[PDB]
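Here's the structure, in structure tokens; my notes come after.
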Amino acid sequence: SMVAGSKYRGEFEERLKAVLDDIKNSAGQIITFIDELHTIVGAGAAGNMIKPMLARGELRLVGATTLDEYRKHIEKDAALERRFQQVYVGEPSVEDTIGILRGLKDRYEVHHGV
Amino acid sequence: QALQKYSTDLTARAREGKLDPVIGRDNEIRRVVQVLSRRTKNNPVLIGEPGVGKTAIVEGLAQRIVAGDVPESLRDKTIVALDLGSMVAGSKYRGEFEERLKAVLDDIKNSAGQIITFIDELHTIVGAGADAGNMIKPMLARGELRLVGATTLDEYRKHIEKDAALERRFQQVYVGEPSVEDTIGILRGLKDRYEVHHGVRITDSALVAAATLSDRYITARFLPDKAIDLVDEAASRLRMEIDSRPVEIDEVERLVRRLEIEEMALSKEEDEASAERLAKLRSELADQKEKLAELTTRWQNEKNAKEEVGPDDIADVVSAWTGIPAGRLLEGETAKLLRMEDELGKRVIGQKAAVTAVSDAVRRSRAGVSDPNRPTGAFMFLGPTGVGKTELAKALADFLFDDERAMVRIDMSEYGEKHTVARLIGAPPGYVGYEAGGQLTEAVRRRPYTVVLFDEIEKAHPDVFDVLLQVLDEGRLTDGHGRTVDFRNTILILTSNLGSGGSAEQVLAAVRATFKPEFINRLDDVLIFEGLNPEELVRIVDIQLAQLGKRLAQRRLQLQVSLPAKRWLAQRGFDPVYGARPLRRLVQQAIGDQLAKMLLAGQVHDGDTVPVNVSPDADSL
Amino acid sequence: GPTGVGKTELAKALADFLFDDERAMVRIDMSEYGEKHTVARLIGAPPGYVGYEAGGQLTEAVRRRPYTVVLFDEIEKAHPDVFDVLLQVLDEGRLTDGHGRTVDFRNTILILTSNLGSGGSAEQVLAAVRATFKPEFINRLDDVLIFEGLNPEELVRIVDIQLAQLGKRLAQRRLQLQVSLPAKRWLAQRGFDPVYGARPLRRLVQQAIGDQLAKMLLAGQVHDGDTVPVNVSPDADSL
Amino acid sequence: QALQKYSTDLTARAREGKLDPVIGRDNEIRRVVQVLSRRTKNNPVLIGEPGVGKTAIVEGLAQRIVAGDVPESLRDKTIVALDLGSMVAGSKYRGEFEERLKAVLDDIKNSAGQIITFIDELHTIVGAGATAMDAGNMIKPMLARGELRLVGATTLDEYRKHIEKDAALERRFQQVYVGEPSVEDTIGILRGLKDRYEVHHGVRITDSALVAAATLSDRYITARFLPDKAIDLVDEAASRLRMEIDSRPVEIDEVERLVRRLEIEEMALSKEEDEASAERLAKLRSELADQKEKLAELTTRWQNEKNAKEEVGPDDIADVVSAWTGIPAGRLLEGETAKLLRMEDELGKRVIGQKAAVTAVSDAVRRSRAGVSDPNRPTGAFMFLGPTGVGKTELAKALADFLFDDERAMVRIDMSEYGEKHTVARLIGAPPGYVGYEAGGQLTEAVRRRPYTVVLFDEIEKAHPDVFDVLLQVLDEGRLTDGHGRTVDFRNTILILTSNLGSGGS
Ligand SMILES: Nc1ncnc2c1ncn2[C@@H]1O[C@H](COP(=O)(O)OP(=O)(O)OP(O)(O)=S)[C@@H](O)[C@H]1O
Ligand SMILES: Nc1ncnc2c1ncn2[C@@H]1O[C@H](COP(=O)(O)OP(=O)(O)OP(O)(O)=S)[C@@H](O)[C@H]1O
Ligand SMILES: Nc1ncnc2c1ncn2[C@@H]1O[C@H](COP(=O)(O)OP(=O)(O)OP(O)(O)=S)[C@@H](O)[C@H]1O
Ligand SMILES: Nc1ncnc2c1ncn2[C@@H]1O[C@H](COP(=O)(O)OP(=O)(O)OP(O)(O)=S)[C@@H](O)[C@H]1O
Ligand SMILES: Nc1ncnc2c1ncn2[C@@H]1O[C@H](COP(=O)(O)OP(=O)(O)OP(O)(O)=S)[C@@H](O)[C@H]1O
């Protein structure tokens, strides 16, 4: 949504700077969450006015991506990779899955009529 | 209203009676509905081979919604047909495509789930970018937009399965191809739409044949698709004929016109050689005018005393296609098939036991009696040398195709080592010569009606036999690309030289020593050729002299042979160990050497006739 | 077992009532995998080579619709490295392909037909099997069945099957036959020899009925909507 | 009006009479029409070998539309010939190609089924504009509905390399197979095309010339296909004859330029202060004089011919066929019949004795230029054997000299290195997938170019008794096929096998 109608020469970077300054003005409350963050590599023709903010501890940037796109779009930019602490999420087992289904049953019961 | 700019309306088109009917396929439509009506991730993807009907399922679902045969959770919806090709049309500036796509997605979301988006061939969605077709996963994974798709079975694996985060959000629905008695029902349902476009009548007896024939002859394509084409082309041809005039009168007059045009340019030639080519063109033109007159006179009786596509126009179409003759012996071919061991006897003298067995397999294949899934004939004949076993294979291919260079001939003296099998089956993927296919395979796949001549088969390595083991008895051979090629209309012929004079079993107990029983069991008759008697050589002499005379006509030069010389040649055709090849060299030594010595020392010119006679020992011209 | 006995027929018959379509089984002919490098033909080529997107040939047909019947004809004619892939297909239930995916065979039914020995009474065939295959390969299979051979009594019913099939074939023109019991006995006794199985019977049916029928059929006089009887002469049988 | 930008027009050219005639092929045109006029999926595709005539069928259809020999469904249809190369001309931005294609398709659709498209060489449509797989299959919805008709034509192996790979798009086309015609059909084609060439080159073309072209180029030039390798001969013959009508004829134009060169060399050799070049100079002068003799002779004979060659004949075609693929196919034009009668005494200058073999080789060489020998068999296949030091390799080296004037022009292979079986792969090449595969065979590639040599198998008996089997086809006719699947013809060679069996018994 940030990249839209931004057809002029000084628009997308201006929008991103406005957003980043609005985040930094708040002291430490706002926590940005970028989903599928391997798409921040391009977006310019940019998307790279974030290395400073990451160096200065101002941004929070909790992110989530799949395994292969990580090494295919990020580990080729080891300047970035250092600023990221990885958490590994594994798939559950049958017992944990039964536990999850037991909690989610209520909403599918009410969406349908059964 | 950004949907109206980049989308058609399937439900609107269905309400105006612009879509074709959809017959059957209940399980697939029910699964599509019950996937399309769930809480999260409610978007199916129809997947299958090309031509089995996957756009037809979406169109049938649209018609079903219009009628009102859907559950209450899906009534009064509209099926919009999104079109990504016209959203990328003008998008030079760096936000136009993303903005258009966001506007369309927001238009879909601002509704109340009363819109079903239909992207056809959605393997074309992963690109479109230059971050595009990738800003759709948020809405996809929650069910905000209900996306019915359709791709083939290996554009999926090639483009979408590369993006495993995206293909998590699709629910594959497998669409398999129907059977023959399902295609018949589909054709019965669809008939009334072609009957009106081509103003003719289509017979149920033709609808059955269009599904039966196209299942055994046309193997590179899939069902209903390949059964509607026969009906369509038959109807179109019948309409062309219902217009100005029928066929095989159109050919005759169109040929007589060209013959006359060429005769009216061959008369004004000041040549002595071109004077005899004008004497045959005239004769042929007269013979064609006679046939034209007969057919035109019979057309009048037919018109005074062929208005719907019967089960024979389908066969005519499937025979123009694929070249295979599947007709009913239209009174001009049966007269020729009844005289076959007399047309083969003009080139191969003797060997009636083998001529009366090759021609016996073509009759019971044109008459529709032979097994429909096995080659039309697979038999090995063997005998001594110079007897006529490679000549019968070239004299049979000469009257089925009228050109003896129209047969697939491979010489098995070059298959000495076992790794030469790759020459006729191709190379597996990953190796040097791969995007070229086989050599025997890629030749029987373009014209599946030739005859195949494996020559000198026992000179090969005893593994090419194992490769041939399935071509016989099943008619199928698979190459490196994974294509099955059907040898079900070919006539396989295997010549050999084992025994080489053994009477009956010394030549038969030598086969059983080199070939295995599982190989000798796939064959038809194993025909043993015989030596040449002195009485069946005085006719080979006549054949050789006729060939020589036909070879000399290019020079306007004849020669008259007297019976004493014509039987001197036969008496010096001898040594029943080398067959009839010594006679070919004898004719050269006796006639041709001195003929060509005279022919370039003056003494003989064009138009001359050179009588040959028997000097007390040699021949003199 | 021996030749012409019914071991390739039982696969096409088993796959005909599970899927109701005889062409619904994955069939590969193992007489074409005679070299080492032809293993890449049924597993696919590694990524980045000439034939890459085409994928494997045994793999790509089971990865989708993984409930089929797989047939390996003449398994002994292959190279003793193709057996080293069926090795992991057995006893684990899945193999990997050129990409790296692991398609699973835990629902298929593998069938392997052979002709080893072919003259051994009952033990030479097992000796040839043990000499040609590895013990850790023979160990994983189920019963190594052995077909027996057709008897003069197990052949009259095959005659009946073949005649019914012929009638079904030439019923597209309303041309049913009418066979007599002496005719069937003649056809069953004439072609029997217990070394070539049941293909001599097919060839005899052709040469005895089909030749005369096709000679009479395209010379008029046997027009459609007709039933010709077949009866026995001293030696041949006449229509 | 986008069509006007990215397309030519074929019916207009057929109306202005700029298209060549189209003779025969009624079955193919009728099938093209009846596939072009069906309800859905009306897209034919002509397919075949390169040269048999596929674009000719489409131009014939256009002329037939202009004339009026089409059924009611195809009257006034205005065939259009698309051009995808000019549509990708400048499209470096994100949607410039997509919008052009959309404009063209909408323009074709706005007509009520009048325009008939024609994309020649339609295998170039698969990856039309790429970056992902988006373009070239935007026509895929309109193809199935039958809204654009799209006649197209590709070869037979550029079709399975580019289209059969994409079985979703290969479904929308119907294949029409075009096989090459016979000689009696090529003659009828030539008889109708023999006016445009007669007009372009201001000459006249005899009918025997057409017959001779159609006959000779079917047995001598075996790399190409028929309707075209017969027109090439007539075209080159006519162009040569027109070049000669410019006052000077041939064989005076060469002798003049030769005498000029000899004079320039002799004028520069005179100022050589040596003694070794005083003997070379006294020979170039003799050559110059002996050439001036025949130059003046030809110059005078031309005057007789001119005072006391305006059409192409059946021997100018043979002259072309001899100039290309240097097999001599002429008619023994009196300058070599004397040599061919003297052959035995001319070979007896280098080999002494062995009259029975010299005569047996000379007869086979002689009765091949007189048109008596079998046209499909090698011109001779001899095996002569005897004791050692006798002359059986000297004779083979003298025949090559007599025929080509260079002993190094024959293809000699030494059969004493073919001791083991696997050495056969040396003269036939390796199958697909193995190490030396692009190189092909050695005998095969040596005879495939210059198919008029002498082949010599020295010491045939010292090889393995399985190399003799690969010769059973080369001896009975001229065919031997290499690993690539292409057959070469040995019908113009002389095969010779020397050996030493039974050294000196009897
Ligand atoms: N169940 C069916 N009922 C009626 N017509 C059908 C049915 N299935 C297929 N057809 C027709 O057969 C042809 C098949 O065309 P489609 O179904 O559009 O092919 P497809 O399924 O879209 O495959 P691709 O990959 O898109 S070419 C069309 O003419 C359909 O109208
Ligand atoms: N019965 C025959 N009738 C006519 N010509 C024959 C006959 N037998 C042999 N010939 C001639 O023999 C020559 C070649 O005969 P082929 O049949 O090719 O020899 P073959 O039968 O192949 O034996 P091999 O083992 O292959 S050398 C041709 O010129 C034929 O015309
Ligand atoms: N028990 C049987 N019942 C009916 N037909 C049979 C029987 N056994 C063989 N046949 C016939 O034999 C033919 C096929 O035999 P197959 O079993 O395929 O040969 P096979 O058993 O594979 O032996 P090989 O090694 O392949 S030669 C068909 O015509 C079948 O009808
Ligand atoms: N039936 C015919 N009537 C008249 N001229 C013909 C006929 N068939 C072919 N020709 C001529 O023979 C030549 C064949 O050229 P084309 O048919 O254009 O080649 P092509 O078939 O397109 O092969 P490619 O692969 O496309 S270059 C042309 O000079 C045609 O004019
Ligand atoms: N008839 C001959 N006339 C002239 N020189 C001859 C004659 N026979 C032999 N020679 C000479 O002998 C030399 C060698 O003879 P070759 O013919 O090359 O041997 P060969 O005939 O090949 O016998 P083998 O079995 O190959 S050693 C030639 O180079 C000639 O110089």
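By convention here, the chains of the structure tokens are called A, B, ... in the order presented, each chain's residues are numbered starting at 1, and ligands are numbered starting at 1 in the order presented.
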
**Request:** Compute the chain C side of the contact with chain B at 7 Å, counting only C-alpha atoms, and hand it back as JSON, numbers by chain.
**Result:** {"C": [3, 31, 32, 38, 40, 41, 44, 45, 49, 50, 51, 53, 57, 170, 196, 210, 211, 214, 217, 218]}

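With only C-alpha atoms taken into account, the protein and nucleic acid residues at most 7 Å from residue 68 of chain C (excluding it and anything under 2 positions from it in its own chain) are residues 25, 26, 66, 70 and 108 of chain C.
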
Store the residues picked out above, limited to C-alpha atoms, as a JSON list (two decimals), in the first residue's frame.
```json
[["chain", "number", "residue", "atom", "x", "y", "z"],
["C", 25, "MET", "CA", -2.01, -48.31, -14.14],
["C", 26, "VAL", "CA", 1.54, -46.97, -14.32],
["C", 66, "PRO", "CA", -0.80, -41.94, -5.19],
["C", 70, "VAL", "CA", 2.88, -50.13, -10.85],
["C", 108, "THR", "CA", 0.68, -48.60, -4.41]]
```

Write out as JSON lines a residue-level contact list of chain D versus ligand 2 with cut-off 12 Å: for each qualifying residue the closest pair of atoms and the distance in Å to one decimal, counting only C-alpha atoms and all ligand atoms, rows sorted by chain and residue number upward.
```
{"residue": "D:374", "atom": "CA", "partner": "ligand 2", "partner_atom_place_in_ligand_line": "29 (O)", "distance": 10.1}
{"residue": "D:376", "atom": "CA", "partner": "ligand 2", "partner_atom_place_in_ligand_line": "29 (O)", "distance": 10.9}
{"residue": "D:377", "atom": "CA", "partner": "ligand 2", "partner_atom_place_in_ligand_line": "29 (O)", "distance": 10.5}
{"residue": "D:469", "atom": "CA", "partner": "ligand 2", "partner_atom_place_in_ligand_line": "27 (S)", "distance": 11.4}
{"residue": "D:471", "atom": "CA", "partner": "ligand 2", "partner_atom_place_in_ligand_line": "27 (S)", "distance": 11.7}
{"residue": "D:472", "atom": "CA", "partner": "ligand 2", "partner_atom_place_in_ligand_line": "27 (S)", "distance": 8.0}
{"residue": "D:473", "atom": "CA", "partner": "ligand 2", "partner_atom_place_in_ligand_line": "26 (O)", "distance": 9.5}
{"residue": "D:475", "atom": "CA", "partner": "ligand 2", "partner_atom_place_in_ligand_line": "27 (S)", "distance": 10.4}
{"residue": "D:476", "atom": "CA", "partner": "ligand 2", "partner_atom_place_in_ligand_line": "18 (O)", "distance": 8.2}
{"residue": "D:477", "atom": "CA", "partner": "ligand 2", "partner_atom_place_in_ligand_line": "18 (O)", "distance": 10.0}
```

Preceding selection exported with C-alpha atoms as a PDB file, in the first residue's frame:
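Result saved to part-v1.pdb:
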```
ATOM      1  CA  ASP D 374      22.267 -48.880 -62.249  1.00  0.00           C
ATOM      2  CA  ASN D 376      21.004 -46.672 -57.192  1.00  0.00           C
ATOM      3  CA  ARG D 377      24.156 -48.696 -56.431  1.00  0.00           C
ATOM      4  CA  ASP D 469      28.947 -56.529 -41.643  1.00  0.00           C
ATOM      5  CA  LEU D 471      29.675 -52.959 -45.358  1.00  0.00           C
ATOM      6  CA  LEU D 472      26.686 -55.069 -46.419  1.00  0.00           C
ATOM      7  CA  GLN D 473      24.590 -51.959 -46.989  1.00  0.00           C
ATOM      8  CA  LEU D 475      28.061 -52.437 -51.006  1.00  0.00           C
ATOM      9  CA  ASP D 476      24.511 -53.319 -52.045  1.00  0.00           C
ATOM     10  CA  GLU D 477      23.377 -49.699 -52.173  1.00  0.00           C
TER      11      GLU D 477
END
```

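For segment 10-78 of chain A, backbone-based DSSP labels the following residues as strand (DSSP E or B): residues 33, 34, 35, 62, 63 and 64 of chain A.
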
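With the cut-off set to 7 Å and only C-alpha atoms and all ligand atoms counted, the residues surrounding ligand 1 are residues 20, 21, 22, 23, 24, 25, 49, 50, 51, 52, 53, 54, 55, 56, 57, 151, 152, 186, 190, 224 and 225 of chain B; 168, 169 and 171 of chain D.
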
**Message:** Please identify all protein, DNA and RNA residues within 6 Å of ligand 3, counting only C-alpha atoms and all ligand atoms, and report them as a PyMOL selection string.
**Reply:** (chain B and resi 518) or (chain C and resi 3-9+115+158+198-199)

Just N, CA, C and O atoms for this one: save the residues we selected as a PDB file, in the first residue's frame.
```pdb
ATOM      1  N   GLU B 518      10.518 -66.488 -25.605  1.00  0.00           N
ATOM      2  CA  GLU B 518       9.660 -65.327 -25.423  1.00  0.00           C
ATOM      3  C   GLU B 518       9.701 -64.376 -26.607  1.00  0.00           C
ATOM      4  O   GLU B 518       8.784 -63.565 -26.755  1.00  0.00           O
TER       5      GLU B 518
ATOM      6  N   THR C   3       6.571 -68.949 -20.550  1.00  0.00           N
ATOM      7  CA  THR C   3       6.055 -67.920 -21.440  1.00  0.00           C
ATOM      8  C   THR C   3       4.609 -68.199 -21.830  1.00  0.00           C
ATOM      9  O   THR C   3       4.197 -69.348 -21.989  1.00  0.00           O
ATOM     10  N   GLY C   4       3.837 -67.126 -21.963  1.00  0.00           N
ATOM     11  CA  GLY C   4       2.463 -67.231 -22.427  1.00  0.00           C
ATOM     12  C   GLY C   4       1.518 -67.890 -21.448  1.00  0.00           C
ATOM     13  O   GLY C   4       0.622 -68.633 -21.862  1.00  0.00           O
ATOM     14  N   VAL C   5       1.683 -67.618 -20.156  1.00  0.00           N
ATOM     15  CA  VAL C   5       0.940 -68.323 -19.127  1.00  0.00           C
ATOM     16  C   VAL C   5      -0.057 -67.428 -18.395  1.00  0.00           C
ATOM     17  O   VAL C   5      -1.078 -67.929 -17.911  1.00  0.00           O
ATOM     18  N   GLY C   6       0.167 -66.123 -18.344  1.00  0.00           N
ATOM     19  CA  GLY C   6      -0.808 -65.256 -17.715  1.00  0.00           C
ATOM     20  C   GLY C   6      -0.274 -64.395 -16.594  1.00  0.00           C
ATOM     21  O   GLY C   6      -1.025 -64.030 -15.687  1.00  0.00           O
ATOM     22  N   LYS C   7       1.013 -64.062 -16.628  1.00  0.00           N
ATOM     23  CA  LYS C   7       1.566 -63.253 -15.552  1.00  0.00           C
ATOM     24  C   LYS C   7       1.563 -61.769 -15.886  1.00  0.00           C
ATOM     25  O   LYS C   7       1.552 -60.941 -14.974  1.00  0.00           O
ATOM     26  N   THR C   8       1.567 -61.407 -17.165  1.00  0.00           N
ATOM     27  CA  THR C   8       1.298 -60.023 -17.535  1.00  0.00           C
ATOM     28  C   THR C   8      -0.193 -59.751 -17.624  1.00  0.00           C
ATOM     29  O   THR C   8      -0.614 -58.593 -17.572  1.00  0.00           O
ATOM     30  N   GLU C   9      -1.000 -60.804 -17.738  1.00  0.00           N
ATOM     31  CA  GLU C   9      -2.442 -60.633 -17.827  1.00  0.00           C
ATOM     32  C   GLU C   9      -3.059 -60.380 -16.462  1.00  0.00           C
ATOM     33  O   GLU C   9      -4.060 -59.665 -16.357  1.00  0.00           O
ATOM     34  N   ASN C 115      10.988 -64.011 -16.514  1.00  0.00           N
ATOM     35  CA  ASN C 115      11.011 -65.276 -17.234  1.00  0.00           C
ATOM     36  C   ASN C 115      12.278 -66.059 -16.911  1.00  0.00           C
ATOM     37  O   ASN C 115      12.795 -66.789 -17.762  1.00  0.00           O
ATOM     38  N   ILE C 158     -10.226 -70.947 -22.214  1.00  0.00           N
ATOM     39  CA  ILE C 158      -9.547 -69.863 -22.910  1.00  0.00           C
ATOM     40  C   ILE C 158     -10.056 -69.742 -24.337  1.00  0.00           C
ATOM     41  O   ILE C 158     -10.203 -68.636 -24.860  1.00  0.00           O
ATOM     42  N   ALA C 198      -0.272 -69.811 -24.591  1.00  0.00           N
ATOM     43  CA  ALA C 198      -1.607 -69.672 -25.158  1.00  0.00           C
ATOM     44  C   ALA C 198      -1.658 -68.712 -26.342  1.00  0.00           C
ATOM     45  O   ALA C 198      -2.753 -68.342 -26.776  1.00  0.00           O
ATOM     46  N   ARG C 199      -0.517 -68.281 -26.859  1.00  0.00           N
ATOM     47  CA  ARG C 199      -0.474 -67.456 -28.061  1.00  0.00           C
ATOM     48  C   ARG C 199      -0.657 -68.274 -29.339  1.00  0.00           C
ATOM     49  O   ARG C 199      -1.229 -67.760 -30.314  1.00  0.00           O
TER      50      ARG C 199
END
```

**Request:** For ligand 4, collect every residue having any atom at a distance of at most 10 Å from a ligand atom (counting only C-alpha atoms and all ligand atoms); output as a VMD selection string.
**Result:** chain D and resid 19 to 26 46 to 60 120 to 121 153 to 156 158 178 180 to 181 185 to 186 188 to 193 225 to 232

Only C-alpha atoms, please: the residues just picked out, written as a compact mmCIF listing (two decimals), in the first residue's frame.
```txt
# COMPACT_ATOMS: atom_id res chain seq x y z
CA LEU D 19 1.95 -13.54 -55.58
CA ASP D 20 3.32 -16.50 -57.51
CA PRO D 21 0.87 -19.09 -58.87
CA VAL D 22 -0.01 -22.15 -56.80
CA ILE D 23 -0.43 -25.39 -58.72
CA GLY D 24 -1.95 -28.57 -57.36
CA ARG D 25 -2.50 -29.35 -53.69
CA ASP D 26 -6.28 -29.31 -53.73
CA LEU D 46 0.51 -26.47 -41.89
CA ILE D 47 3.41 -28.70 -40.90
CA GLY D 48 6.13 -30.55 -42.75
CA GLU D 49 9.70 -30.42 -43.99
CA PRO D 50 11.53 -27.24 -45.08
CA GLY D 51 10.89 -26.65 -48.77
CA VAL D 52 7.80 -28.74 -49.57
CA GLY D 53 5.59 -25.65 -49.84
CA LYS D 54 3.54 -24.39 -46.91
CA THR D 55 3.53 -20.63 -47.34
CA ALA D 56 2.64 -21.39 -50.95
CA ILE D 57 -0.58 -23.03 -49.78
CA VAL D 58 -1.58 -19.93 -47.81
CA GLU D 59 -0.84 -17.64 -50.75
CA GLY D 60 -2.91 -19.98 -52.90
CA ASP D 120 4.16 -17.42 -40.31
CA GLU D 121 6.67 -19.47 -38.32
CA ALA D 153 3.05 -22.72 -40.60
CA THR D 154 6.16 -24.21 -38.96
CA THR D 155 8.60 -26.98 -39.78
CA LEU D 156 8.29 -30.49 -38.40
CA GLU D 158 10.78 -26.73 -34.68
CA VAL D 178 2.22 -31.40 -46.07
CA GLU D 180 6.81 -33.41 -50.51
CA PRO D 181 5.42 -34.12 -53.99
CA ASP D 185 4.13 -33.24 -59.67
CA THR D 186 7.28 -31.13 -59.56
CA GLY D 188 3.67 -29.77 -63.38
CA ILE D 189 4.69 -27.11 -60.87
CA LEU D 190 7.67 -26.07 -62.99
CA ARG D 191 5.56 -25.90 -66.15
CA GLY D 192 3.40 -23.28 -64.43
CA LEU D 193 6.15 -21.28 -62.78
CA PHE D 225 13.36 -31.34 -50.63
CA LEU D 226 11.80 -31.49 -53.98
CA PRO D 227 9.71 -28.47 -55.12
CA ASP D 228 12.64 -26.16 -54.29
CA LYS D 229 15.89 -27.89 -55.25
CA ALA D 230 14.40 -28.16 -58.74
CA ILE D 231 13.56 -24.46 -59.03
CA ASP D 232 17.06 -23.53 -57.87
```

**Request:** For ligand 5, collect every residue having any atom at a distance of at most 9 Å from a ligand atom (counting only C-alpha atoms and all ligand atoms); output as a list in words.
**Result:**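 Answer in the requested format: residues 348, 349, 350, 351, 352, 353, 354, 385, 386, 387, 388, 389, 390, 391, 392, 393, 394, 395, 396, 397, 458, 459, 498, 499, 500 and 503 of chain D.
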
Just-selected residues, C-alpha atoms written as a short mmCIF file (atom, residue, chain, number, x, y, z; two decimals), in the first residue's frame:
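Written output follows (again.cif):
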```
data_model
loop_
_atom_site.label_atom_id
_atom_site.label_comp_id
_atom_site.auth_asym_id
_atom_site.auth_seq_id
_atom_site.Cartn_x
_atom_site.Cartn_y
_atom_site.Cartn_z
CA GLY D 348 49.21 -48.19 -68.11
CA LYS D 349 51.70 -45.38 -67.58
CA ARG D 350 51.88 -46.08 -63.83
CA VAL D 351 50.83 -49.74 -63.49
CA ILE D 352 52.51 -52.33 -65.70
CA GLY D 353 50.70 -55.58 -66.32
CA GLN D 354 47.42 -56.53 -64.67
CA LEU D 385 43.91 -59.70 -54.08
CA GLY D 386 47.18 -61.43 -54.88
CA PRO D 387 50.78 -61.76 -53.71
CA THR D 388 52.85 -58.90 -52.32
CA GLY D 389 54.61 -56.16 -54.24
CA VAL D 390 52.41 -56.64 -57.29
CA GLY D 391 50.57 -53.35 -57.75
CA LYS D 392 47.13 -53.62 -56.21
CA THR D 393 47.54 -50.46 -54.14
CA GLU D 394 49.41 -48.70 -56.93
CA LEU D 395 46.39 -49.23 -59.18
CA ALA D 396 44.06 -47.69 -56.60
CA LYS D 397 46.39 -44.71 -56.25
CA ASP D 458 43.60 -51.45 -47.33
CA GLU D 459 44.20 -54.95 -45.96
CA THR D 498 42.84 -54.92 -51.26
CA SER D 499 43.93 -58.08 -49.48
CA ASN D 500 46.44 -60.92 -49.39
CA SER D 503 49.51 -65.57 -50.39
#
```

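From atom CA of residue 97 of chain B back to atom CA of residue 120 of chain B, the distance works out to 19.3 Å.
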
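Interatomic distance, atom CA of residue 407 of chain B to atom CA of residue 431 of chain D: 22.5 Å.
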
**Request:** Can you pull out every residue within 12 Å of residue 56 of chain A, counting only C-alpha atoms, but drop anything in the same chain fewer than 5 positions away, and send it as an MDAnalysis selection string?
**Result:** chainID A and resid 24 50:51 83

Just N, CA, C and O atoms for this one: save the residues we selected as a PDB file, in the first residue's frame.
```
ATOM      1  N   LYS A  24       9.857   6.937  15.135  1.00  0.00           N
ATOM      2  CA  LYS A  24      10.928   7.327  16.046  1.00  0.00           C
ATOM      3  C   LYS A  24      10.476   8.399  17.033  1.00  0.00           C
ATOM      4  O   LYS A  24      10.996   8.462  18.152  1.00  0.00           O
ATOM      5  N   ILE A  50      16.740   1.633   6.193  1.00  0.00           N
ATOM      6  CA  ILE A  50      16.449   0.940   7.442  1.00  0.00           C
ATOM      7  C   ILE A  50      17.703   0.447   8.145  1.00  0.00           C
ATOM      8  O   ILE A  50      17.683   0.243   9.373  1.00  0.00           O
ATOM      9  N   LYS A  51      18.825   0.300   7.444  1.00  0.00           N
ATOM     10  CA  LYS A  51      20.080  -0.040   8.109  1.00  0.00           C
ATOM     11  C   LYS A  51      20.468   0.970   9.183  1.00  0.00           C
ATOM     12  O   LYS A  51      20.853   0.543  10.287  1.00  0.00           O
ATOM     13  N   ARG A  83      21.820  -7.834  11.985  1.00  0.00           N
ATOM     14  CA  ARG A  83      20.873  -7.098  12.815  1.00  0.00           C
ATOM     15  C   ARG A  83      19.604  -7.887  13.118  1.00  0.00           C
ATOM     16  O   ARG A  83      18.588  -7.290  13.493  1.00  0.00           O
TER      17      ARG A  83
END
```

**Request:** Define the interface residues of chain B facing chain A as those within 6 Å, counting only C-alpha atoms, and report them as a VMD selection string.
**Result:** chain B and resid 93 to 95 98 to 99

**Request:** Could the residues of chain B within 6 Å of chain D, counting only C-alpha atoms, be given as a list in words, please?
**Result:**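 Every residue meeting the condition is included here: residues 50, 88, 89, 90, 91, 92, 124, 127, 236, 237, 413, 414, 420, 423, 427, 431, 432, 433 and 596 of chain B.
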
**Request:** Show which residues sit within 10 Å of residue 321 of chain D, as a list in words. Count only C-alpha atoms, and ignore same-chain residues fewer than 5 positions away.
**Result:**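 The neighbour list is residues 213, 216, 217, 220, 221, 233, 237, 315, 316, 326, 327, 328, 329 and 330 of chain D.
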